[PDB]
Amino acid sequence: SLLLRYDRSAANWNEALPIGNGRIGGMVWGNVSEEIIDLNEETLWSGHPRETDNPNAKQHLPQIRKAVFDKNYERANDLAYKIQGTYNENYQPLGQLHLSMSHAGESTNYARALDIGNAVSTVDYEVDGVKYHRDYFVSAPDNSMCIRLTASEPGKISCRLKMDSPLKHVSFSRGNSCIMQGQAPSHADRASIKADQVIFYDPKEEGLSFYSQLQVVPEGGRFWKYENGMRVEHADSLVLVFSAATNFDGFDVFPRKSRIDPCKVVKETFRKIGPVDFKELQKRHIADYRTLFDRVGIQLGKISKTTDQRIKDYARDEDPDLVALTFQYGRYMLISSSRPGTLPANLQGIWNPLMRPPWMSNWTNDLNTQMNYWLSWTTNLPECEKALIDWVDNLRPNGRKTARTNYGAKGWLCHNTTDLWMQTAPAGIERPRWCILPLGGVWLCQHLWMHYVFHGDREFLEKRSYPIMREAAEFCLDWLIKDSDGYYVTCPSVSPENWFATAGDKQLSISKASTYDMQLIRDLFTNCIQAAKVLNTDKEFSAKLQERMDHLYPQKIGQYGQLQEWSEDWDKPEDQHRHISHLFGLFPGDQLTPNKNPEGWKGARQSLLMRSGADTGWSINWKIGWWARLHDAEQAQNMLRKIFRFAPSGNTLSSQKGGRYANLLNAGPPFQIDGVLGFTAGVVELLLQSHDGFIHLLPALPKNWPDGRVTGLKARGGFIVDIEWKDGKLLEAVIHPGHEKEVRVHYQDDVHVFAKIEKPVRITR
């Protein structure tokens, strides 16, 4: 059942239902008589282009490299406090769309549902015998949200309409529409900074202004203009259409210098719609959505309760249909938040109701910028990933300037936290374990090569993908230096957000050739060499990368048998940290595999056990894919119990523990779309793997899924895989052709080989 069923209105934001089209978002509350829909436009950010690079940080680079080579790790960190930058800008809420249904009486027979198969939300109630019905969806081809209010009997739809926003805004009616337009703060301090003014509206340098317009189209009765909005009385049915836009002209354009008039952008959007036909807009919306969502079908076996009750019931029932429902829900959230031509998905997709979000709803690139597009590889959603490639491309103008100012190196880079203005610089004056990671852009390049391995865009690899991959490798050449042992190392180098020593409140993090850095540069260099082999160019450049790849700092197995996180045996068995970075090679990558690197594969299992005695929303969901790559199906069994802990709403802080809110959203401390989209990535690796040179059929099938049929999956080479198992044994599998000729399959202790596929082949027990 692809439906999220509830029996009351949302009591808070973590109970609303998300709908979107990748540019316009909305949270439907399902209220009875005072409806609220939180409105979001993806480009509505605070601030304006600034200068975030650090000129005087270049002079401290040889000194940091000197403090590390002398093994004076304290001096390394206290110098890292001088190569930093400033925090990002915040993601803003566009406002609220209120709908005050003016019916007087008791409501019964209520139900609220979210159809992730049709990308439409519904709310139903019965007041005084008259049955009422509401529909919500955001059309991607028509770039607007649509709502229809229907009643069982005519003349029963009467309400009031208004739009208020927490930003600067005006509200007034005109023609047959409600107009709300306003500004975004010229600067917004992050949620943790406690200063005199946290939200600024500077007249000289203004922020991004937005234009919103709700077209009210009732049928029957009369409707006039009441106060800021409009009022409808005694209508047969009401249809609303809402589209919004901003004057954002690019990361390198000041909003006060913009040549975009958002009123014109929104009105032209409404001209293409013409007259308002709901059953035409709905037929256009669902068709555009099903072409992406119908590519993958999952069925883990047989279901009538409420969704908030199913999450509570997983700790006893362990419903294989609930884990199958969230699997499609992850695919649904990425489609409705990232589309070609649009921006990618930030820490909360496109949905954010807060002026000062948690972590400014930024694009953190050590985590949560990835784990959102891992599903776009296996579950065949390349369209959403194209928004990330266009996004990575726009980092180079700002990343080259950061690479040459802060370090004097060539190419481009990007640190963890980046905002709409494409900040490739560090994040504020904080602990260096957080705000120093130049190789964040190197990880982003992994999605460039994987987009070709899975989908087969050879021309797009030539003109767009490889040119970005090539410059990021150029910086790595100037970032890698030699040690006494003649190895290629990185300095400064930190395993993301983890410290190895202490000097009080000094969480020492600056080290040399950490396993995290050595896996990314090896992954970027390897993927660039294979890119040049395909495109038949850069013979001298690849050989330069291959020579550098032959002398990286070696893998080391710690005294406990674990994979060493740093260049030395500094791993501690009671380290309950949340970032197992050196395990990048296992799930996001192909290095720690039984056939390629058995030493680092067995040592990765011991690392994971040490770090799990750790229940963060993205932590549990990642451990699903980690254990799937370690071929342990009973450890993935326990991870699904941890992820399906019912998180009571209002738990909006790290101390308040939870795993899944009532609306199936990932919980962590706050809503975090990363766990929603990485859950799909970890579940798919339980049933299909293609990183180790063979299409592994069902390597980590859980014990409680004896039956199941999944179709439409994608493996390395463009192969479409369909798998049906019954009673814990593979019944039949189909390998559709892709873009690579030879294919090799592997299930349990059996290996099949096909020298060529021109027609979907079958694989039976």
# chains A, B, ... in the order shown; residues from 1 in each chain; ligands from 1

$ residues_around --residues "stretch 655-661 of chain A" --least-positions-apart "2" --cutoff "12 Å" --atoms "only C-alpha atoms" --output "number ranges by chain"
A: 10, 12-17, 307-312, 314, 323, 326, 614-621, 639-653, 663-673, 675-676, 679

$ select_by_dssp --residues "stretch 149-287 of chain A" --states "alpha helix (DSSP H)" --output "ChimeraX atom specification"
/A:262-273,278-287

$ residues_around --residues "residue A:437" --least-positions-apart "6" --cutoff "10 Å" --atoms "only C-alpha atoms" --output "list in words"
residues 365, 366, 413, 414, 415, 416, 417, 425, 426, 492, 493, 494, 495, 496, 497 and 517 of chain A

$ residues_around --residues "residue A:87" --least-positions-apart "6" --cutoff "9 Å" --atoms "only C-alpha atoms" --output "VMD selection string"
chain A and resid 52 189 to 190 417 to 418 423 426 to 429

$ write_last_selection --atoms "N, CA and C atoms" --output "PDB file, in the first residue's frame"
ATOM      1  N   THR A  52      33.989  35.184   1.359  1.00  0.00           N
ATOM      2  CA  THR A  52      34.202  34.206   2.415  1.00  0.00           C
ATOM      3  C   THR A  52      35.600  33.608   2.432  1.00  0.00           C
ATOM      4  N   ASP A 189      21.755  35.261  10.983  1.00  0.00           N
ATOM      5  CA  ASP A 189      22.660  34.460  11.791  1.00  0.00           C
ATOM      6  C   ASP A 189      22.109  33.046  11.923  1.00  0.00           C
ATOM      7  N   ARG A 190      23.006  32.084  12.117  1.00  0.00           N
ATOM      8  CA  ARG A 190      22.560  30.705  12.212  1.00  0.00           C
ATOM      9  C   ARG A 190      21.778  30.494  13.509  1.00  0.00           C
ATOM     10  N   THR A 417      30.040  22.770   4.351  1.00  0.00           N
ATOM     11  CA  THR A 417      28.840  23.593   4.349  1.00  0.00           C
ATOM     12  C   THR A 417      28.900  24.584   3.194  1.00  0.00           C
ATOM     13  N   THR A 418      27.931  24.494   2.287  1.00  0.00           N
ATOM     14  CA  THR A 418      27.761  25.467   1.219  1.00  0.00           C
ATOM     15  C   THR A 418      26.288  25.833   1.113  1.00  0.00           C
ATOM     16  N   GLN A 423      29.175  28.863  -1.317  1.00  0.00           N
ATOM     17  CA  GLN A 423      30.315  29.121  -0.447  1.00  0.00           C
ATOM     18  C   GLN A 423      31.189  27.876  -0.411  1.00  0.00           C
ATOM     19  N   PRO A 426      35.530  27.566   4.326  1.00  0.00           N
ATOM     20  CA  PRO A 426      35.159  26.974   5.617  1.00  0.00           C
ATOM     21  C   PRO A 426      33.975  27.682   6.260  1.00  0.00           C
ATOM     22  N   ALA A 427      33.482  27.075   7.336  1.00  0.00           N
ATOM     23  CA  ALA A 427      32.271  27.520   8.021  1.00  0.00           C
ATOM     24  C   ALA A 427      32.640  28.094   9.386  1.00  0.00           C
ATOM     25  N   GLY A 428      32.762  29.419   9.453  1.00  0.00           N
ATOM     26  CA  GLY A 428      32.874  30.130  10.713  1.00  0.00           C
ATOM     27  C   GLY A 428      34.100  29.797  11.535  1.00  0.00           C
ATOM     28  N   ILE A 429      34.178  30.359  12.736  1.00  0.00           N
ATOM     29  CA  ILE A 429      35.264  30.068  13.671  1.00  0.00           C
ATOM     30  C   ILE A 429      34.715  29.044  14.660  1.00  0.00           C
TER      31      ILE A 429
END

$ select_by_dssp --residues "stretch 101-271 of chain A" --states "strand (DSSP E or B)" --output "ChimeraX atom specification"
/A:101,107-115,120-127,130-139,144-151,157-164,170-174,177-182,187-188,199-200,210-219,222-226,229-235,237-246

$ write_last_selection --atoms "C-alpha atoms" --output "PDB file, in the first residue's frame"
ATOM      1  CA  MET A 101     -13.399  26.667   6.190  1.00  0.00           C
ATOM      2  CA  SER A 107     -16.817  16.679  12.133  1.00  0.00           C
ATOM      3  CA  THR A 108     -16.843  12.879  11.991  1.00  0.00           C
ATOM      4  CA  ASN A 109     -15.466  10.110   9.768  1.00  0.00           C
ATOM      5  CA  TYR A 110     -12.169  11.935   9.293  1.00  0.00           C
ATOM      6  CA  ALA A 111      -9.195  10.531   7.411  1.00  0.00           C
ATOM      7  CA  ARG A 112      -6.044  12.019   5.886  1.00  0.00           C
ATOM      8  CA  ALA A 113      -3.819  10.246   3.370  1.00  0.00           C
ATOM      9  CA  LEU A 114      -0.691  10.784   1.280  1.00  0.00           C
ATOM     10  CA  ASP A 115      -0.546   8.940  -2.049  1.00  0.00           C
ATOM     11  CA  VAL A 120      -1.300  13.752  -4.317  1.00  0.00           C
ATOM     12  CA  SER A 121      -2.411  14.360  -0.733  1.00  0.00           C
ATOM     13  CA  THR A 122      -6.054  13.996   0.294  1.00  0.00           C
ATOM     14  CA  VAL A 123      -8.100  15.066   3.318  1.00  0.00           C
ATOM     15  CA  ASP A 124     -11.651  13.849   3.942  1.00  0.00           C
ATOM     16  CA  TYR A 125     -14.228  14.657   6.607  1.00  0.00           C
ATOM     17  CA  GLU A 126     -17.998  14.602   7.065  1.00  0.00           C
ATOM     18  CA  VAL A 127     -19.677  17.617   8.694  1.00  0.00           C
ATOM     19  CA  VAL A 130     -22.400  16.675   3.983  1.00  0.00           C
ATOM     20  CA  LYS A 131     -19.220  14.851   2.960  1.00  0.00           C
ATOM     21  CA  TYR A 132     -16.219  17.004   2.058  1.00  0.00           C
ATOM     22  CA  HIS A 133     -13.020  16.236   0.167  1.00  0.00           C
ATOM     23  CA  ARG A 134      -9.733  18.038  -0.499  1.00  0.00           C
ATOM     24  CA  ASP A 135      -6.886  17.352  -2.924  1.00  0.00           C
ATOM     25  CA  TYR A 136      -3.318  18.682  -2.802  1.00  0.00           C
ATOM     26  CA  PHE A 137      -0.409  18.350  -5.221  1.00  0.00           C
ATOM     27  CA  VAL A 138       2.347  20.468  -6.759  1.00  0.00           C
ATOM     28  CA  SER A 139       2.649  20.121 -10.533  1.00  0.00           C
ATOM     29  CA  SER A 144       2.376  25.463  -9.288  1.00  0.00           C
ATOM     30  CA  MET A 145       0.530  23.907  -6.376  1.00  0.00           C
ATOM     31  CA  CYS A 146      -3.091  22.920  -6.999  1.00  0.00           C
ATOM     32  CA  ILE A 147      -5.911  22.401  -4.492  1.00  0.00           C
ATOM     33  CA  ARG A 148      -9.514  21.338  -5.137  1.00  0.00           C
ATOM     34  CA  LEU A 149     -12.217  21.546  -2.462  1.00  0.00           C
ATOM     35  CA  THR A 150     -15.245  19.387  -3.247  1.00  0.00           C
ATOM     36  CA  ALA A 151     -18.468  18.666  -1.385  1.00  0.00           C
ATOM     37  CA  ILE A 157     -17.833  25.327   0.104  1.00  0.00           C
ATOM     38  CA  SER A 158     -17.471  28.611   2.002  1.00  0.00           C
ATOM     39  CA  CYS A 159     -14.185  29.862   3.439  1.00  0.00           C
ATOM     40  CA  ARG A 160     -11.631  32.680   3.633  1.00  0.00           C
ATOM     41  CA  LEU A 161      -8.177  32.952   2.060  1.00  0.00           C
ATOM     42  CA  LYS A 162      -5.001  34.732   3.173  1.00  0.00           C
ATOM     43  CA  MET A 163      -1.214  34.455   2.870  1.00  0.00           C
ATOM     44  CA  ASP A 164       1.111  35.645   5.646  1.00  0.00           C
ATOM     45  CA  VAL A 170       2.797  42.468   1.690  1.00  0.00           C
ATOM     46  CA  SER A 171      -0.581  40.849   1.094  1.00  0.00           C
ATOM     47  CA  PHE A 172      -3.352  42.129  -1.158  1.00  0.00           C
ATOM     48  CA  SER A 173      -5.848  40.890  -3.726  1.00  0.00           C
ATOM     49  CA  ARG A 174      -6.049  41.700  -7.427  1.00  0.00           C
ATOM     50  CA  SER A 177      -5.965  36.107  -7.167  1.00  0.00           C
ATOM     51  CA  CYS A 178      -4.297  36.736  -3.817  1.00  0.00           C
ATOM     52  CA  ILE A 179      -0.843  38.331  -3.997  1.00  0.00           C
ATOM     53  CA  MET A 180       1.882  37.975  -1.373  1.00  0.00           C
ATOM     54  CA  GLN A 181       5.309  39.399  -2.200  1.00  0.00           C
ATOM     55  CA  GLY A 182       8.262  40.280  -0.031  1.00  0.00           C
ATOM     56  CA  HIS A 187      21.624  38.429   6.592  1.00  0.00           C
ATOM     57  CA  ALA A 188      20.443  35.727   8.994  1.00  0.00           C
ATOM     58  CA  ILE A 199      17.886  38.732  11.327  1.00  0.00           C
ATOM     59  CA  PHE A 200      18.879  41.764   9.243  1.00  0.00           C
ATOM     60  CA  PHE A 210       9.882  36.747  -3.864  1.00  0.00           C
ATOM     61  CA  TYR A 211       6.563  36.998  -5.706  1.00  0.00           C
ATOM     62  CA  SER A 212       3.709  34.650  -4.812  1.00  0.00           C
ATOM     63  CA  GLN A 213       0.205  34.492  -6.259  1.00  0.00           C
ATOM     64  CA  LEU A 214      -2.740  32.242  -5.379  1.00  0.00           C
ATOM     65  CA  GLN A 215      -5.357  32.050  -8.135  1.00  0.00           C
ATOM     66  CA  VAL A 216      -8.801  31.498  -6.597  1.00  0.00           C
ATOM     67  CA  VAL A 217     -11.140  29.793  -9.068  1.00  0.00           C
ATOM     68  CA  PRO A 218     -14.500  28.912  -7.484  1.00  0.00           C
ATOM     69  CA  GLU A 219     -17.444  27.474  -9.376  1.00  0.00           C
ATOM     70  CA  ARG A 222     -20.058  34.516  -5.637  1.00  0.00           C
ATOM     71  CA  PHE A 223     -16.633  35.477  -4.321  1.00  0.00           C
ATOM     72  CA  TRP A 224     -15.209  38.905  -3.486  1.00  0.00           C
ATOM     73  CA  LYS A 225     -12.029  40.463  -2.059  1.00  0.00           C
ATOM     74  CA  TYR A 226     -11.925  40.426   1.750  1.00  0.00           C
ATOM     75  CA  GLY A 229      -7.103  37.875   0.616  1.00  0.00           C
ATOM     76  CA  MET A 230     -10.473  36.863  -0.784  1.00  0.00           C
ATOM     77  CA  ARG A 231     -13.643  35.265   0.559  1.00  0.00           C
ATOM     78  CA  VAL A 232     -15.767  32.550  -1.066  1.00  0.00           C
ATOM     79  CA  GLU A 233     -19.347  31.834   0.029  1.00  0.00           C
ATOM     80  CA  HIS A 234     -21.712  29.036  -1.023  1.00  0.00           C
ATOM     81  CA  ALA A 235     -19.819  27.606  -3.989  1.00  0.00           C
ATOM     82  CA  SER A 237     -16.484  23.567  -5.661  1.00  0.00           C
ATOM     83  CA  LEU A 238     -13.323  25.606  -5.174  1.00  0.00           C
ATOM     84  CA  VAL A 239     -10.044  25.262  -7.078  1.00  0.00           C
ATOM     85  CA  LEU A 240      -6.840  27.016  -6.005  1.00  0.00           C
ATOM     86  CA  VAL A 241      -3.554  27.352  -7.900  1.00  0.00           C
ATOM     87  CA  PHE A 242      -0.405  28.779  -6.293  1.00  0.00           C
ATOM     88  CA  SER A 243       2.901  29.583  -8.001  1.00  0.00           C
ATOM     89  CA  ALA A 244       5.826  31.568  -6.607  1.00  0.00           C
ATOM     90  CA  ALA A 245       9.218  32.765  -7.808  1.00  0.00           C
ATOM     91  CA  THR A 246      12.163  34.873  -6.663  1.00  0.00           C
TER      92      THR A 246
END

$ closest_residue --among "A:500, A:351, A:391, A:329" --to "residue A:24" --atoms "only C-alpha atoms"
A:351

$ atom_distance --atom1 "atom CA of residue A:283" --atom2 "atom CA of residue A:140"
11.8 Å

$ residues_around --residues "stretch 488-490 of chain A" --least-positions-apart "6" --cutoff "8 Å" --atoms "only C-alpha atoms" --output "list in words"
residues 479, 480, 481, 482, 512, 513, 514, 517, 518, 548, 551, 552 and 553 of chain A
